[PDB]
């Protein structure tokens, strides 16, 4: 399995503190059946800046350690890009990373709102042949209060990625119920860990897949898992017709 959003790189954001932590997360991920992680450290204009070059280097150094430790996990470069107006431009100038240098870009909204220009930015990105993937939309306060915001973005071509832990219920029963609403409505195209540690923000990968199979049947979790395989090798993903979200 391919995990497309994860905070396993050390000394970069709220994720792994040092290499020991990174190794413990990798072991956790192996136990969940994950074999490849696209590292996506937080990248923002003030609080956390994590430059493409530094990400690539931390990922390569972590891989060397994992080969050393005989851990069968491979780490690839990416970023969790906090949305800003100039994403298309900076991407062209290689000042941002897409997920494994593919067409898919992981873009995060601020926690409490969806900036109005998102639709326009995402249209511009698509014209350049990029596909924006919305990070953890179930954790966005405004999408929570007004889930139609997500229906429209996805209909206009955006993909989104749900957090395994949200479906596993580790963030409350409320966040779980909302997450399932989003999946039913076909607004979700990937499941990923967003793992930060092995304590409170662990992977919950198998737990999430099991919840999906019980709620929807065996084909839907299989499709989501396969979307990650397609993303990694820069191929088109499977989409289902989006719909409005039930209360």
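Numbering follows the first chain given and starts at 1.
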Subject >> Selected stretch [higher average CA B-factor]: 170-178 or 106-114 >> reply: 170-178
**OP:** Identify the stretch, either 150-158 or 73-81, whose C-alpha atoms have the larger mean B-factor according to the entry.
**Re:** 150-158
**OP:** Would you mind checking which of 185, 39, 54, 192 has the top Cα temperature factor in the PDB entry?
**Re:** 185
Original post:
Going by what the PDB entry lists, where does residue 199 fall on CA B-factor within its chain: lowest, middle or highest third?
Top reply: middle
**OP:** Going by the recorded CA B-factors, say which third of the chain residue 144 sits in, lowest, middle or highest.
**Re:** highest
Original post:
In terms of the chain's CA B-factor thirds, is residue 223 lowest, middle or highest?
Top reply: highest
Subject >> Where the record places residue 88 (Cα B-factor, split into thirds across the chain) >> reply: highest
Original post:
By its CA B factor, does residue 121 count among the lowest, middle or highest third of the modelled residues in the chain?
Top reply: middle
